[PDB]
$ cat start-v9.cif   # mmCIF, C-alpha atoms
data_final
#
loop_
_atom_site.group_PDB
_atom_site.id
_atom_site.type_symbol
_atom_site.label_atom_id
_atom_site.label_comp_id
_atom_site.auth_asym_id
_atom_site.auth_seq_id
_atom_site.Cartn_x
_atom_site.Cartn_y
_atom_site.Cartn_z
ATOM 1 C CA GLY A 158 -15.128 6.152 -7.736
ATOM 2 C CA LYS A 159 -13.569 6.911 -4.344
ATOM 3 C CA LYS A 160 -9.942 7.007 -5.628
ATOM 4 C CA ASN A 161 -8.955 4.252 -3.188
ATOM 5 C CA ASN A 162 -7.412 2.137 -5.922
ATOM 6 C CA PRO A 163 -4.640 1.054 -6.404
ATOM 7 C CA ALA A 164 -4.995 -0.385 -2.923
ATOM 8 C CA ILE A 165 -4.494 -3.642 -1.053
ATOM 9 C CA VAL A 166 -7.710 -4.913 0.515
ATOM 10 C CA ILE A 167 -7.862 -7.419 3.367
ATOM 11 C CA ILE A 168 -11.229 -9.185 3.380
ATOM 12 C CA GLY A 169 -11.880 -12.324 5.409
ATOM 13 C CA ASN A 170 -14.970 -14.314 4.496
ATOM 14 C CA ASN A 171 -16.523 -17.378 6.093
ATOM 15 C CA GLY A 172 -18.253 -18.262 2.813
ATOM 16 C CA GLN A 173 -21.367 -16.114 3.198
ATOM 17 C CA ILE A 174 -20.075 -12.693 2.077
ATOM 18 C CA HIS A 175 -20.519 -11.836 -1.592
ATOM 19 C CA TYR A 176 -17.614 -9.781 -2.900
ATOM 20 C CA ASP A 177 -19.059 -6.767 -4.687
ATOM 21 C CA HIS A 178 -16.406 -5.268 -6.950
ATOM 22 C CA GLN A 179 -18.536 -2.232 -7.829
ATOM 23 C CA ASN A 180 -17.366 -0.524 -4.650
ATOM 24 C CA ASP A 181 -14.172 -2.628 -4.951
ATOM 25 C CA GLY A 182 -15.273 -4.418 -1.789
ATOM 26 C CA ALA A 183 -14.934 -1.359 0.432
ATOM 27 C CA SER A 184 -18.057 -2.383 2.367
ATOM 28 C CA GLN A 185 -16.665 -5.767 3.448
ATOM 29 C CA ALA A 186 -13.109 -4.369 3.636
ATOM 30 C CA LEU A 187 -11.595 -5.401 6.960
ATOM 31 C CA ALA A 188 -8.453 -3.324 6.357
ATOM 32 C CA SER A 189 -6.859 -1.509 3.442
ATOM 33 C CA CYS A 190 -3.828 0.535 2.436
ATOM 34 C CA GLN A 191 -4.077 2.840 -0.581
ATOM 35 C CA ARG A 192 -0.836 2.120 -2.416
ATOM 36 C CA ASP A 193 0.106 1.923 -6.074
ATOM 37 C CA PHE A 194 1.789 -1.339 -7.036
ATOM 38 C CA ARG A 195 1.796 -1.220 -10.849
ATOM 39 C CA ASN A 196 4.719 -0.386 -13.146
ATOM 40 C CA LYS A 197 7.653 -0.737 -10.841
ATOM 41 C CA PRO A 198 11.337 -0.823 -11.865
ATOM 42 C CA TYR A 199 11.914 -3.693 -9.442
ATOM 43 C CA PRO A 200 9.438 -6.478 -8.601
ATOM 44 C CA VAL A 201 7.073 -5.757 -5.732
ATOM 45 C CA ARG A 202 7.580 -7.769 -2.545
ATOM 46 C CA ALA A 203 5.064 -8.194 0.268
ATOM 47 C CA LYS A 204 5.167 -9.684 3.766
ATOM 48 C CA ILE A 205 1.945 -11.315 4.969
ATOM 49 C CA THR A 206 2.239 -12.178 8.649
ATOM 50 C CA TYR A 207 -0.493 -14.134 10.423
ATOM 51 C CA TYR A 208 0.834 -14.579 13.945
ATOM 52 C CA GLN A 209 -1.048 -14.562 17.269
ATOM 53 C CA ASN A 210 -4.277 -14.071 15.273
ATOM 54 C CA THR A 211 -3.162 -10.747 13.800
ATOM 55 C CA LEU A 212 -2.559 -10.470 10.059
ATOM 56 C CA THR A 213 0.208 -7.942 9.408
ATOM 57 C CA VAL A 214 0.992 -6.661 5.904
ATOM 58 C CA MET A 215 4.442 -5.266 5.112
ATOM 59 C CA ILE A 216 5.273 -4.222 1.566
ATOM 60 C CA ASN A 217 8.428 -3.554 -0.417
ATOM 61 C CA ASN A 218 7.624 -0.825 -2.929
ATOM 62 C CA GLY A 219 9.508 -2.191 -5.925
ATOM 63 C CA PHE A 220 11.220 1.184 -6.307
ATOM 64 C CA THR A 221 14.329 -0.398 -4.778
ATOM 65 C CA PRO A 222 16.274 -3.566 -5.615
ATOM 66 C CA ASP A 223 16.426 -4.279 -1.878
ATOM 67 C CA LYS A 224 14.273 -7.297 -1.111
ATOM 68 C CA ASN A 225 13.758 -6.655 2.598
ATOM 69 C CA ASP A 226 12.588 -3.013 2.442
ATOM 70 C CA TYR A 227 9.140 -3.984 3.684
ATOM 71 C CA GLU A 228 6.786 -1.271 4.886
ATOM 72 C CA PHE A 229 3.647 -1.677 6.961
ATOM 73 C CA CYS A 230 0.439 -0.314 5.462
ATOM 74 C CA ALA A 231 -2.531 -2.180 6.990
ATOM 75 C CA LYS A 232 -3.411 -5.074 9.286
ATOM 76 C CA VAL A 233 -6.181 -6.759 11.262
ATOM 77 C CA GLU A 234 -6.286 -8.452 14.662
ATOM 78 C CA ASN A 235 -8.189 -11.443 16.087
ATOM 79 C CA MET A 236 -8.406 -12.740 12.528
ATOM 80 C CA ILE A 237 -10.370 -15.964 12.004
ATOM 81 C CA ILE A 238 -9.414 -18.417 9.252
ATOM 82 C CA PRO A 239 -9.715 -22.138 8.638
ATOM 83 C CA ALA A 240 -6.431 -23.318 10.146
ATOM 84 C CA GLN A 241 -6.570 -26.060 7.543
ATOM 85 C CA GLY A 242 -6.826 -24.229 4.251
ATOM 86 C CA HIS A 243 -5.327 -23.815 0.820
ATOM 87 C CA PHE A 244 -3.015 -20.985 -0.071
ATOM 88 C CA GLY A 245 -3.758 -19.604 -3.494
ATOM 89 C CA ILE A 246 -3.013 -16.768 -5.860
ATOM 90 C CA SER A 247 -5.402 -15.401 -8.470
ATOM 91 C CA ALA A 248 -5.624 -12.379 -10.735
ATOM 92 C CA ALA A 249 -8.189 -10.923 -13.107
ATOM 93 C CA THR A 250 -7.896 -8.650 -16.124
ATOM 94 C CA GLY A 251 -10.911 -6.648 -17.216
ATOM 95 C CA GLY A 252 -11.370 -4.335 -20.166
ATOM 96 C CA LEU A 253 -8.139 -2.577 -19.272
ATOM 97 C CA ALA A 254 -5.131 -4.851 -19.537
ATOM 98 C CA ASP A 255 -2.452 -5.801 -17.005
ATOM 99 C CA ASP A 256 0.137 -8.557 -16.918
ATOM 100 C CA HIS A 257 0.017 -10.078 -13.438
ATOM 101 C CA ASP A 258 3.328 -11.898 -13.100
ATOM 102 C CA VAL A 259 4.443 -13.568 -9.869
ATOM 103 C CA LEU A 260 8.167 -14.254 -9.732
ATOM 104 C CA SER A 261 8.447 -16.019 -6.377
ATOM 105 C CA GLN B 315 -20.408 5.045 -18.664
ATOM 106 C CA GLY B 316 -18.037 5.045 -21.657
ATOM 107 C CA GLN B 317 -14.249 4.750 -21.698
ATOM 108 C CA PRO B 318 -11.847 6.974 -23.675
ATOM 109 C CA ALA B 319 -8.828 5.520 -25.452
ATOM 110 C CA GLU B 320 -6.407 8.228 -24.265
ATOM 111 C CA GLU B 321 -5.970 6.356 -20.967
ATOM 112 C CA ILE B 322 -4.432 3.372 -22.773
ATOM 113 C CA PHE B 323 -1.678 5.198 -24.650
ATOM 114 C CA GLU B 324 1.637 5.883 -22.932
ATOM 115 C CA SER B 325 5.291 6.611 -23.580
ATOM 116 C CA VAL B 326 7.595 4.370 -21.559
ATOM 117 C CA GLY B 327 10.176 7.083 -20.813
ATOM 118 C CA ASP B 328 7.512 9.332 -19.366
ATOM 119 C CA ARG B 329 6.025 6.473 -17.356
ATOM 120 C CA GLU B 330 9.508 5.780 -15.977
ATOM 121 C CA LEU B 331 9.894 9.390 -14.852
ATOM 122 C CA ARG B 332 6.356 9.248 -13.511
ATOM 123 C CA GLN B 333 7.653 6.488 -11.234
ATOM 124 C CA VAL B 334 10.576 8.776 -10.386
ATOM 125 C CA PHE B 335 8.065 11.531 -9.635
ATOM 126 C CA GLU B 336 6.154 9.030 -7.502
ATOM 127 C CA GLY B 337 9.459 8.213 -5.811
ATOM 128 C CA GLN B 338 9.866 11.880 -4.908
ATOM 129 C CA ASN B 339 6.485 11.815 -3.149
ATOM 130 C CA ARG B 340 7.921 9.449 -0.524
ATOM 131 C CA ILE B 341 10.460 12.105 0.433
ATOM 132 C CA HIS B 342 7.656 14.672 0.742
ATOM 133 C CA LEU B 343 5.789 12.664 3.376
ATOM 134 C CA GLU B 344 9.170 11.994 4.965
ATOM 135 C CA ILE B 345 9.818 15.744 5.152
ATOM 136 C CA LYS B 346 6.268 16.361 6.399
ATOM 137 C CA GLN B 347 6.726 13.800 9.170
ATOM 138 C CA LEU B 348 10.117 15.326 9.991
ATOM 139 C CA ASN B 349 8.632 18.818 10.239
ATOM 140 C CA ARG B 350 5.803 17.781 12.564
ATOM 141 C CA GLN B 351 8.259 15.706 14.595
ATOM 142 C CA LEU B 352 10.454 18.795 14.897
ATOM 143 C CA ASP B 353 7.408 20.942 15.702
ATOM 144 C CA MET B 354 6.292 18.741 18.590
ATOM 145 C CA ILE B 355 9.864 18.528 19.934
ATOM 146 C CA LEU B 356 10.162 22.324 20.024
ATOM 147 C CA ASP B 357 6.814 22.806 21.765
ATOM 148 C CA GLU B 358 7.250 20.171 24.479
ATOM 149 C CA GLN B 359 10.660 21.414 25.615
ATOM 150 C CA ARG B 360 9.276 24.962 25.597
ATOM 151 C CA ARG B 361 6.798 23.725 28.184
ATOM 152 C CA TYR B 362 9.612 21.735 29.809
ATOM 153 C CA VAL B 363 11.941 24.748 30.040
ATOM 154 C CA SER B 364 9.135 26.803 31.591
ATOM 155 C CA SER B 365 8.165 23.968 33.950
ATOM 156 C CA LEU B 366 11.799 23.578 35.015
#

$ encode --input "start-v9.cif" --output "structure tokens"
Amino acid sequence: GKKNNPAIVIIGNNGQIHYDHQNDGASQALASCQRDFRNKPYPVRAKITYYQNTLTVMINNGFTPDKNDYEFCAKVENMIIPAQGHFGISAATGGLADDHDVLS
Amino acid sequence: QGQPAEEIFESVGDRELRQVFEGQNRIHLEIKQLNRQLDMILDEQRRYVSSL
């Protein structure tokens, strides 16, 4: 109810933090950028950059056909992750309906 | 809580121009940054002219 969403939320968990979606995880939110990403004329592109233990997020809006028009919105530093880990993508659809389609 | 059904319905042409309207909002923040950037430039040289 805080009008944060649509937003991109960075949350890093060690396995002991329960993700509460009722606040949309604003309590355990390490960093966030309040940006709409639905209904774009061009597909949305994002740059996720973990380098020197900082996790930098740069986003292309999808309002342009340019691929490289990435814009910074949020990041964290001294980020801790299992250096051996699995990359994964996942999406959910609730009562309201979205098509979550990943081109590349 | 309840959920109305008006939120679901849309016309595509209007939603396209809504994206155009959202595209115009980028220029607004761009203008707002440009104004404040011009405002701080004017003030600092005003101190710099007086200090000189």

$ resolve_selection --input "start-v9.cif" --expression "the PyMOL selection byres ((chain A) within 9 of (chain B))" --output "PyMOL selection string"
chain A and resi 196-198+220+253-254

$ resolve_selection --input "start-v9.cif" --expression "the PyMOL selection byres ((chain A and resi 181-186) around 9)" --output "PyMOL selection string"
chain A and resi 161-162+166-170+174-180+187-189

$ resolve_selection --input "start-v9.cif" --expression "the PyMOL selection byres ((chain A and resi 233) around 9)" --output "PyMOL selection string"
chain A and resi 167+187-188+210-214+231-232+234-236

$ write_last_selection --input "start-v9.cif" --atoms "C-alpha atoms" --output "PDB file, in the coordinates of the input"
ATOM      1  CA  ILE A 167      -7.862  -7.419   3.367  1.00  0.00           C
ATOM      2  CA  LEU A 187     -11.595  -5.401   6.960  1.00  0.00           C
ATOM      3  CA  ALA A 188      -8.453  -3.324   6.357  1.00  0.00           C
ATOM      4  CA  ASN A 210      -4.277 -14.071  15.273  1.00  0.00           C
ATOM      5  CA  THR A 211      -3.162 -10.747  13.800  1.00  0.00           C
ATOM      6  CA  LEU A 212      -2.559 -10.470  10.059  1.00  0.00           C
ATOM      7  CA  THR A 213       0.208  -7.942   9.408  1.00  0.00           C
ATOM      8  CA  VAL A 214       0.992  -6.661   5.904  1.00  0.00           C
ATOM      9  CA  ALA A 231      -2.531  -2.180   6.990  1.00  0.00           C
ATOM     10  CA  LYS A 232      -3.411  -5.074   9.286  1.00  0.00           C
ATOM     11  CA  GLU A 234      -6.286  -8.452  14.662  1.00  0.00           C
ATOM     12  CA  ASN A 235      -8.189 -11.443  16.087  1.00  0.00           C
ATOM     13  CA  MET A 236      -8.406 -12.740  12.528  1.00  0.00           C
TER      14      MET A 236
END

$ residues_near_point --input "start-v9.cif" --point "(10.5, -2.6, 2.9)" --cutoff "9 Å" --atoms "all atoms listed in the file" --output "PDB file with C-alpha atoms, in the frame of the given file"
ATOM      1  CA  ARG A 202       7.580  -7.769  -2.545  1.00  0.00           C
ATOM      2  CA  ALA A 203       5.064  -8.194   0.268  1.00  0.00           C
ATOM      3  CA  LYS A 204       5.167  -9.684   3.766  1.00  0.00           C
ATOM      4  CA  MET A 215       4.442  -5.266   5.112  1.00  0.00           C
ATOM      5  CA  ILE A 216       5.273  -4.222   1.566  1.00  0.00           C
ATOM      6  CA  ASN A 217       8.428  -3.554  -0.417  1.00  0.00           C
ATOM      7  CA  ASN A 218       7.624  -0.825  -2.929  1.00  0.00           C
ATOM      8  CA  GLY A 219       9.508  -2.191  -5.925  1.00  0.00           C
ATOM      9  CA  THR A 221      14.329  -0.398  -4.778  1.00  0.00           C
ATOM     10  CA  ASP A 223      16.426  -4.279  -1.878  1.00  0.00           C
ATOM     11  CA  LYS A 224      14.273  -7.297  -1.111  1.00  0.00           C
ATOM     12  CA  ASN A 225      13.758  -6.655   2.598  1.00  0.00           C
ATOM     13  CA  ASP A 226      12.588  -3.013   2.442  1.00  0.00           C
ATOM     14  CA  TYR A 227       9.140  -3.984   3.684  1.00  0.00           C
ATOM     15  CA  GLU A 228       6.786  -1.271   4.886  1.00  0.00           C
ATOM     16  CA  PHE A 229       3.647  -1.677   6.961  1.00  0.00           C
TER      17      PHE A 229
END

$ atom_distance --input "start-v9.cif" --atom1 "atom CA of residue 258 of chain A" --atom2 "atom CA of residue 245 of chain A"
14.2 Å

$ atom_distance --input "start-v9.cif" --atom1 "atom CA of residue 335 of chain B" --atom2 "atom CA of residue 257 of chain A"
23.4 Å
